[PDB]
Each structure stands twice: as structure tokens, then as C-alpha cells.
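No gaps in the numbering here: position 7 of the sequence shown is 17 in our numbering, and each next residue is one more. This report refers to the structure that appears directly beneath it.
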Amino acid sequence: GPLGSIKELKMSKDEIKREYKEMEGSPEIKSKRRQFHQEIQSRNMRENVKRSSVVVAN
């Protein structure tokens, strides 16, 4: 019963270490691309057409 708790606890430590490793991956470059991706997201087609509207465009 309580034994499983210890095993899970150990795994938690591994997860924390991974976070630091991710930093070494130099995600700064990828982070820059994400910023631009957000801009393109606002250009969603859904936003172009409103659900409430029906006589929009042809």
C-alpha cells in the first residue's frame, strides 16, 4: 500500500530533473517561433465568420 507511494515519489524527482534538461535543449529558438504562431492563430477562419451571422458574404 504505502510502498507504492515511495515508488511514485521517486518518479517525481525524475520529472523535476527533466525540466532542467529541457533548458539545455535551448528552446529559446523554438520559443521565438511560437510567438509568431500565436499571431497566425488569431487569423483563424472561425473568427472570420461569426456563428450569429448567416447572410455574411455571398
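For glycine and all other residues, C-beta sits at the position ideal for the given N, C-alpha and C.
- Contact between residue 66 and residue 59 holds, with the beta-carbon distance rounding to 6 Å and staying under 8 Å.
- Spanning the alpha carbons of residue 32 and residue 39 requires a straight line of approximately 13 Å.
- Here the alpha carbon of residue 21 sits roughly 13 Å from the alpha carbon of residue 29.
- If you look at residue 28, you'll find it in the alpha helix (DSSP H) that goes 12-34.
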